[PDB]
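J.: Contents are CSV, C-alpha atoms; file name my_file_30.csv:
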chain,number,residue,atom,x,y,z
A,1,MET,CA,7.7,27.0,-11.3
A,2,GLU,CA,11.0,26.8,-9.3
A,3,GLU,CA,10.0,29.8,-7.3
A,4,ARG,CA,6.6,28.4,-6.4
A,5,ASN,CA,6.3,25.7,-3.7
A,6,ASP,CA,3.0,24.4,-4.9
A,7,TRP,CA,4.5,21.1,-5.8
A,8,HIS,CA,6.5,19.2,-3.2
A,9,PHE,CA,9.4,17.3,-4.6
A,10,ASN,CA,12.0,15.2,-2.8
A,11,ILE,CA,15.1,13.5,-4.4
A,12,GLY,CA,17.5,11.4,-2.5
A,13,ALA,CA,20.9,10.2,-3.8
A,14,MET,CA,23.0,7.4,-2.3
A,15,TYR,CA,26.2,5.6,-3.2
A,16,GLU,CA,26.7,2.0,-2.1
A,17,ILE,CA,30.4,2.4,-2.4
A,18,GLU,CA,32.4,5.6,-2.2
A,19,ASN,CA,36.0,6.1,-3.1
A,20,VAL,CA,36.5,8.8,-0.5
A,21,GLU,CA,37.8,6.4,2.2
A,22,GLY,CA,39.6,4.4,-0.5
A,23,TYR,CA,38.0,1.0,0.5
A,24,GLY,CA,35.9,-1.1,-1.7
A,25,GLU,CA,34.4,-4.6,-1.9
A,26,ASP,CA,35.1,-7.8,-3.8
A,27,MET,CA,32.4,-7.6,-6.5
A,28,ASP,CA,31.4,-4.5,-8.6
A,29,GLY,CA,27.9,-5.8,-9.4
A,30,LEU,CA,26.9,-5.5,-5.7
A,31,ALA,CA,27.1,-1.7,-5.5
A,32,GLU,CA,25.8,1.1,-7.6
A,33,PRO,CA,24.6,4.8,-7.2
A,34,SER,CA,21.0,5.3,-6.3
A,35,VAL,CA,18.4,8.1,-6.8
A,36,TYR,CA,15.0,8.2,-5.1
A,37,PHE,CA,12.2,10.3,-6.5
A,38,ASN,CA,9.3,11.5,-4.4
A,39,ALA,CA,6.4,13.8,-5.6
A,40,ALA,CA,3.2,14.9,-4.0
A,41,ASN,CA,0.6,17.6,-4.7
A,42,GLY,CA,-3.1,16.5,-4.7
A,43,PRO,CA,-2.6,12.8,-5.2
A,44,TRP,CA,-0.7,10.7,-2.7
A,45,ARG,CA,3.1,10.5,-2.4
A,46,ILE,CA,5.0,7.9,-4.4
A,47,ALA,CA,8.6,6.9,-4.5
A,48,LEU,CA,10.2,5.0,-7.4
A,49,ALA,CA,13.6,3.3,-7.7
A,50,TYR,CA,15.2,0.4,-9.5
A,51,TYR,CA,17.6,-2.1,-7.9
A,52,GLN,CA,19.9,-4.3,-10.0
A,53,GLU,CA,22.0,-7.0,-8.3
A,54,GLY,CA,24.6,-9.2,-9.8
A,55,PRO,CA,25.4,-12.4,-7.7
A,56,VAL,CA,28.0,-12.9,-10.5
A,57,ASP,CA,29.7,-9.8,-12.1
A,58,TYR,CA,29.5,-11.6,-15.4
A,59,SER,CA,25.7,-11.8,-15.1
A,60,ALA,CA,25.5,-8.0,-14.4
A,61,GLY,CA,24.8,-5.5,-17.1
A,62,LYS,CA,26.5,-2.1,-17.5
A,63,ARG,CA,23.7,-0.8,-19.7
A,64,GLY,CA,21.1,-2.5,-17.6
A,65,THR,CA,21.0,-5.9,-15.8
A,66,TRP,CA,18.4,-8.3,-17.0
A,67,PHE,CA,18.2,-9.4,-13.4
A,68,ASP,CA,16.3,-6.4,-12.0
A,69,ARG,CA,14.0,-5.4,-9.2
A,70,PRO,CA,11.6,-2.4,-9.4
A,71,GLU,CA,11.1,-0.6,-6.1
A,72,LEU,CA,7.9,1.2,-5.5
A,73,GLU,CA,6.5,2.7,-2.3
A,74,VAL,CA,3.4,4.8,-1.8
A,75,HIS,CA,2.5,6.5,1.5
A,76,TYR,CA,-1.0,7.5,2.6
A,77,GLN,CA,-2.0,9.8,5.5
A,78,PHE,CA,-5.4,9.8,7.1
A,79,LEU,CA,-6.7,12.6,9.2
A,80,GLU,CA,-9.1,10.6,11.4
A,81,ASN,CA,-7.6,12.5,14.4
A,82,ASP,CA,-6.7,16.2,15.0
A,83,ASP,CA,-3.2,15.2,13.9
A,84,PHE,CA,-2.3,12.7,11.2
A,85,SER,CA,-2.1,9.8,13.6
A,86,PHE,CA,-3.3,7.4,10.9
A,87,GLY,CA,-1.2,6.4,8.0
A,88,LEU,CA,-0.6,3.6,5.6
A,89,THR,CA,2.5,2.5,3.7
A,90,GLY,CA,2.5,0.2,0.8
A,91,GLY,CA,5.5,-1.2,-1.0
A,92,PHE,CA,5.6,-3.1,-4.2
A,93,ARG,CA,8.8,-4.8,-5.4
A,94,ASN,CA,9.1,-7.5,-8.1
A,95,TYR,CA,12.1,-9.9,-8.0
A,96,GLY,CA,12.9,-10.9,-11.6
A,97,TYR,CA,10.6,-10.8,-14.6
A,98,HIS,CA,7.5,-12.6,-15.6
A,99,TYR,CA,7.2,-11.3,-19.2
A,100,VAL,CA,8.7,-14.5,-20.7
A,101,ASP,CA,9.0,-18.1,-19.8
A,102,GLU,CA,12.1,-18.8,-22.0
A,103,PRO,CA,14.3,-21.8,-21.2
A,104,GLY,CA,17.2,-21.5,-18.7
A,105,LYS,CA,15.0,-20.0,-16.0
A,106,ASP,CA,17.0,-16.8,-15.9
A,107,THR,CA,13.5,-15.3,-15.9
A,108,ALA,CA,11.5,-15.9,-12.8
A,109,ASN,CA,8.7,-14.3,-10.9
A,110,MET,CA,9.0,-13.5,-7.2
A,111,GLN,CA,6.8,-10.7,-5.7
A,112,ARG,CA,7.6,-8.7,-2.6
A,113,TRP,CA,4.6,-7.2,-0.9
A,114,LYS,CA,4.9,-4.7,1.9
A,115,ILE,CA,2.0,-3.5,4.0
A,116,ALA,CA,2.9,-1.2,6.9
A,117,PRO,CA,0.5,1.1,8.7
A,118,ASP,CA,1.7,4.1,10.7
A,119,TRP,CA,0.5,4.3,14.4
A,120,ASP,CA,0.9,7.0,17.0
A,121,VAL,CA,0.7,4.9,20.2
A,122,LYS,CA,0.9,7.9,22.6
A,123,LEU,CA,-0.9,11.1,21.7
A,124,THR,CA,0.8,13.2,24.4
A,125,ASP,CA,3.5,15.9,23.7
A,126,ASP,CA,5.4,15.2,26.9
A,127,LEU,CA,6.0,11.6,25.9
A,128,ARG,CA,5.6,10.2,22.4
A,129,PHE,CA,5.8,6.6,21.4
A,130,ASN,CA,5.2,5.2,17.9
A,131,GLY,CA,5.2,1.8,16.2
A,132,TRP,CA,4.7,0.5,12.7
A,133,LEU,CA,3.9,-3.1,11.6
A,134,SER,CA,5.3,-4.3,8.3
A,135,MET,CA,4.2,-7.6,6.7
A,136,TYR,CA,6.2,-9.1,3.8
A,137,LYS,CA,5.5,-11.8,1.2
A,138,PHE,CA,7.9,-13.2,-1.3
A,139,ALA,CA,7.7,-15.4,-4.5
A,140,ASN,CA,4.4,-16.8,-5.7
A,141,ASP,CA,4.6,-19.4,-2.9
A,142,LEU,CA,4.2,-17.1,0.1
A,143,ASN,CA,1.2,-15.4,-1.7
A,144,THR,CA,-0.3,-18.8,-2.1
A,145,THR,CA,0.2,-19.8,1.5
A,146,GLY,CA,-1.0,-16.3,2.5
A,147,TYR,CA,-0.3,-15.1,6.1
A,148,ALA,CA,1.3,-18.5,6.9
A,149,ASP,CA,4.7,-17.7,5.3
A,150,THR,CA,4.3,-14.0,5.8
A,151,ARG,CA,7.3,-12.3,7.4
A,152,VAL,CA,6.4,-9.9,10.1
A,153,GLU,CA,8.5,-6.9,11.2
A,154,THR,CA,7.7,-4.2,13.7
A,155,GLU,CA,9.7,-1.1,14.7
A,156,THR,CA,8.8,1.1,17.6
A,157,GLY,CA,10.1,4.5,18.5
A,158,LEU,CA,10.2,6.3,21.8
A,159,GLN,CA,10.8,10.0,22.2
A,160,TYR,CA,11.9,10.9,25.7
A,161,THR,CA,13.3,14.3,26.7
A,162,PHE,CA,16.1,13.3,29.0
A,163,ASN,CA,17.1,17.0,29.6
A,164,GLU,CA,13.6,18.1,28.8
A,165,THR,CA,15.1,20.6,26.3
A,166,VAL,CA,16.2,17.8,24.0
A,167,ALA,CA,14.4,14.7,22.8
A,168,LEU,CA,16.0,11.3,22.5
A,169,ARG,CA,14.8,8.8,19.9
A,170,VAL,CA,14.9,5.3,21.1
A,171,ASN,CA,14.0,2.6,18.6
A,172,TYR,CA,12.9,-0.9,19.7
A,173,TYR,CA,13.1,-3.6,17.0
A,174,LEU,CA,10.7,-6.5,17.2
A,175,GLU,CA,11.2,-9.7,15.2
A,176,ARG,CA,9.3,-13.0,15.5
A,177,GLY,CA,11.4,-15.9,16.4
A,178,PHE,CA,10.7,-19.1,18.2
A,179,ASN,CA,10.5,-16.9,21.3
A,180,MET,CA,11.3,-19.8,23.5
A,181,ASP,CA,14.2,-20.1,25.9
A,182,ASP,CA,16.7,-22.9,25.3
A,183,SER,CA,19.4,-24.6,27.4
A,184,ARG,CA,21.8,-24.3,24.4
A,185,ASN,CA,21.4,-20.5,24.8
A,186,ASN,CA,23.6,-19.0,27.5
A,187,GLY,CA,21.4,-15.9,27.7
A,188,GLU,CA,24.5,-13.8,27.5
A,189,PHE,CA,23.0,-11.7,24.7
A,190,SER,CA,19.5,-10.2,24.7
A,191,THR,CA,16.9,-11.3,22.2
A,192,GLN,CA,16.2,-7.7,21.4
A,193,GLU,CA,18.5,-4.7,21.0
A,194,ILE,CA,17.7,-1.1,22.0
A,195,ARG,CA,19.0,1.5,19.6
A,196,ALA,CA,19.1,5.1,20.7
A,197,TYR,CA,20.0,8.3,18.8
A,198,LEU,CA,19.4,12.0,19.1
A,199,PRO,CA,19.6,15.1,16.9
A,200,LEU,CA,21.9,17.7,18.1
A,201,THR,CA,21.7,21.1,16.4
A,202,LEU,CA,24.9,22.9,15.7
A,203,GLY,CA,24.1,25.7,13.2
A,204,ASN,CA,23.0,24.2,9.9
A,205,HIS,CA,24.9,21.1,10.8
A,206,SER,CA,22.9,18.4,12.7
A,207,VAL,CA,24.9,15.9,14.7
A,208,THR,CA,23.2,12.6,15.2
A,209,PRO,CA,25.1,9.8,17.1
A,210,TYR,CA,23.4,6.4,17.5
A,211,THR,CA,24.3,3.5,19.8
A,212,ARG,CA,23.6,-0.1,19.1
A,213,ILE,CA,22.9,-0.7,22.7
A,214,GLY,CA,21.0,2.0,24.7
A,215,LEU,CA,21.6,0.2,28.0
A,216,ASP,CA,24.8,-1.8,28.1
A,217,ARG,CA,24.8,-5.2,29.8
A,218,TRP,CA,27.4,-4.1,32.3
A,219,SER,CA,28.9,-0.8,33.6
A,220,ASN,CA,32.2,-1.8,32.1
A,221,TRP,CA,34.3,-5.0,31.5
A,222,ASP,CA,35.1,-4.5,35.2
A,223,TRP,CA,37.9,-7.1,35.2
A,224,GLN,CA,41.2,-7.0,37.0
A,225,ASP,CA,42.8,-8.0,33.7
A,226,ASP,CA,42.1,-6.3,30.5
A,227,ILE,CA,43.1,-6.6,26.8
A,228,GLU,CA,43.4,-3.5,24.8
A,229,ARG,CA,42.2,-5.1,21.6
A,230,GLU,CA,38.6,-6.2,21.6
A,231,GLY,CA,37.5,-8.8,19.1
A,232,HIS,CA,34.4,-6.8,18.0
A,233,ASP,CA,32.3,-3.9,19.2
A,234,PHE,CA,29.4,-5.2,21.2
A,235,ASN,CA,28.0,-1.6,21.3
A,236,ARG,CA,28.5,0.1,18.0
A,237,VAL,CA,28.5,3.8,17.7
A,238,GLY,CA,27.8,5.7,14.5
A,239,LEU,CA,27.8,9.5,14.1
A,240,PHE,CA,25.9,11.4,11.4
A,241,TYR,CA,26.7,15.0,10.4
A,242,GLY,CA,24.2,17.0,8.4
A,243,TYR,CA,26.0,19.2,6.0
A,244,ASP,CA,24.3,22.2,4.4
A,245,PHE,CA,24.7,23.6,0.9
A,246,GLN,CA,23.9,27.2,0.0
A,247,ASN,CA,22.2,26.0,-3.1
A,248,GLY,CA,19.5,24.3,-1.0
A,249,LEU,CA,20.9,20.8,-0.6
A,250,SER,CA,21.5,18.8,2.5
A,251,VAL,CA,23.8,15.8,2.9
A,252,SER,CA,24.2,13.3,5.7
A,253,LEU,CA,27.8,12.3,6.4
A,254,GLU,CA,28.5,9.0,8.1
A,255,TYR,CA,31.4,8.5,10.5
A,256,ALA,CA,32.2,5.4,12.6
A,257,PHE,CA,34.0,5.8,15.9
A,258,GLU,CA,35.6,3.0,18.0
A,259,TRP,CA,34.5,2.6,21.6
A,260,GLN,CA,38.1,3.2,22.8
A,261,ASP,CA,39.4,6.7,22.3
A,262,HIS,CA,42.1,7.2,19.7
A,263,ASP,CA,45.0,9.4,20.5
A,264,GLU,CA,46.4,8.6,17.1
A,265,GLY,CA,43.8,9.4,14.5
A,266,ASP,CA,46.4,8.7,11.9
A,267,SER,CA,45.6,5.0,12.2
A,268,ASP,CA,42.2,3.5,12.8
A,269,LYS,CA,40.9,-0.1,12.9
A,270,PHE,CA,37.9,0.8,10.8
A,271,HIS,CA,36.9,3.6,8.5
A,272,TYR,CA,33.2,4.0,7.5
A,273,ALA,CA,32.3,7.2,5.8
A,274,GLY,CA,29.3,7.7,3.5
A,275,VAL,CA,27.4,10.6,1.9
A,276,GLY,CA,23.6,10.8,1.5
A,277,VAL,CA,22.1,13.6,-0.5
A,278,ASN,CA,18.6,14.9,0.2
A,279,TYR,CA,16.7,17.4,-1.9
A,280,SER,CA,13.4,18.6,-0.5
A,281,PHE,CA,11.3,21.4,-1.8
Go ahead and render the structure in this file as structure tokens.

T.:
Amino acid sequence: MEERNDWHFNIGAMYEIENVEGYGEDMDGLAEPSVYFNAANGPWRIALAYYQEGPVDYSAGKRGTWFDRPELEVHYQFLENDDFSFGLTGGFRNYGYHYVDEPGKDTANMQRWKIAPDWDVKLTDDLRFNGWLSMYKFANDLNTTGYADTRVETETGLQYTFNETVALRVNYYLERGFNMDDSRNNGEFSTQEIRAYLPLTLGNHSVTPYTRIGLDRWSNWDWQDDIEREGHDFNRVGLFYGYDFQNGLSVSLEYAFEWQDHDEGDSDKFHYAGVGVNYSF
């Protein structure tokens, strides 16, 4: 069965905290290892995972936390076009349990509903643009009020070949706010952020840097007086390395680099490194 590729299986493994860097967090019950299961052959494709979160470590369970959320997502593709330009994503997640109504109210029922269709906005090879709309509901209350309290999220992706030979993925994030200008707002920061990243192929190792800001507000600080230490990175840069295994596994390695070049790599302000494991067959 292993030799045959009739069944397509995907497994993803993630760790919320890794000891590799040597840095951790305050609470244990806020981080655990994760495994994602995906299967598809005939019927549609379904991913199942469980998420347990302990706001208090004492209220977290080593065997299995009674405060638990099931994570379920099923993806649908529809060939109403020559290409699979039509798709639907459905996500089901329950917050808490509704099996019992025992005193104390440690048991509670909140539902998270996700509906997100896939759309190919542009159907041309030279320039591709995509966008997906995701609608979320929570608790019983939002279901009762319906679309009124529904949270709406939209992500859009633009593929432009800057050098023609390589394609750049630019993602635009759309959130619904008041969307009204205010005198209390200086306008220093943009209401939307443009995040751009590209896959660079170096053997079996893929290099994918991303920038928080695709088009920076200014060319530089461009002041006649500069301070070496910046309070925080306005444009954050993350670099992913895809590492290959001869067995047939691929892992994504996270690295964070500061805007200012480091002559001394022996000492860095921040250290963010993470490993994601993907199995696809």

J.: Find the residues around stretch 11-14 of chain A up to 9 Å (all atoms listed in the file counted), leave out those fewer than 4 positions away in its own chain, and share them as an MDAnalysis selection string.

T.: chainID A and resid 32:39 274:280

J.: Write the residues of the selection above to a file with C-alpha atoms, as a short mmCIF file (atom, residue, chain, number, x, y, z; two decimals), in the coordinates of the input.

T.:
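Output file out06.cif is given in full below:
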data_model
loop_
_atom_site.label_atom_id
_atom_site.label_comp_id
_atom_site.auth_asym_id
_atom_site.auth_seq_id
_atom_site.Cartn_x
_atom_site.Cartn_y
_atom_site.Cartn_z
CA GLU A 32 25.80 1.10 -7.60
CA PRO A 33 24.60 4.80 -7.20
CA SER A 34 21.00 5.30 -6.30
CA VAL A 35 18.40 8.10 -6.80
CA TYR A 36 15.00 8.20 -5.10
CA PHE A 37 12.20 10.30 -6.50
CA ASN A 38 9.30 11.50 -4.40
CA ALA A 39 6.40 13.80 -5.60
CA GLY A 274 29.30 7.70 3.50
CA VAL A 275 27.40 10.60 1.90
CA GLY A 276 23.60 10.80 1.50
CA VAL A 277 22.10 13.60 -0.50
CA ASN A 278 18.60 14.90 0.20
CA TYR A 279 16.70 17.40 -1.90
CA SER A 280 13.40 18.60 -0.50
#

J.: Between A:273, A:174, A:207, A:127, which one has atoms that come closest to residue A:191, using only C-alpha atoms?

T.: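 Answer, going by the shortest atom-to-atom distance: A:174.
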
J.: How big is the axis-aligned box, and where does its centre sit, when it encloses all atoms of stretch 215-228 of chain A listed in the file and has 5 Å added on every side, reported in Å to one decimal as JSON?

T.:
{"center_x": 32.5, "center_y": -3.9, "center_z": 30.9, "size_x": 31.8, "size_y": 18.2, "size_z": 22.2}

J.: Between atom CA of residue A:205 and atom CA of residue A:241, what is the distance, to one decimal in Å?

T.: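 Between atom CA of residue A:205 and atom CA of residue A:241 the gap is 6.4 Å.
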
J.: Quote the spacing between atom CA of residue A:84 and atom CA of residue A:70 in Å to one decimal place.

T.: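 Taking atom CA of residue A:84 as the start and atom CA of residue A:70 as the end point, the length is 29.1 Å.
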
J.: Using Å and a single decimal, report how far atom CA of residue A:194 sits from atom CA of residue A:172.

T.: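 Going from atom CA of residue A:172 over to atom CA of residue A:194 covers 5.3 Å.
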
J.: Hey, which of A:269, A:82, A:149, A:138 ends up closest to residue A:231? Count only C-alpha atoms.

T.: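 The closest residue to residue A:231 is A:269.
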
J.: So which one's closest to residue A:213, A:132, A:189, A:178, A:23? Using only C-alpha atoms, please.

T.: A:189

J.: Skipping near chain neighbours, those fewer than 5 positions away, what residues fall within 12 Å of stretch 224-230 of chain A using only C-alpha atoms, listed as a PyMOL selection string?

T.: chain A and resi 235+258-262+269

J.: May I have the residues within 12 Å of residue A:125 as a PyMOL selection string, using only C-alpha atoms and disregarding those fewer than 2 positions away in the same chain?

T.: chain A and resi 83+120-123+127-129+158-161+164+167

J.: Need to verify the contact set: residue A:95, 9 Å, all atoms listed in the file, exclusion of same-chain residues closer than 3 positions in sequence. Can you return it as a list in words?

T.: residues 67, 68, 69, 70, 108, 109, 110, 111, 112, 138 and 139 of chain A

J.: With distances taken over all atoms listed in the file, which residue among A:171, A:130, A:154, A:59 lies nearest residue A:28?

T.: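 Once distances to residue A:28 are computed over all atoms listed in the file, the minimum belongs to A:59.
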
J.: Can you pull out the residues contacting residue A:152? Cut-off 12 Å, using all atoms listed in the file, and skip same-chain residues under 4 positions away; I want them as a list in words.

T.: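 Selected residues are residues 113, 114, 115, 116, 132, 133, 134, 135, 136, 137, 138, 147, 148, 173, 174, 175, 176 and 177 of chain A.
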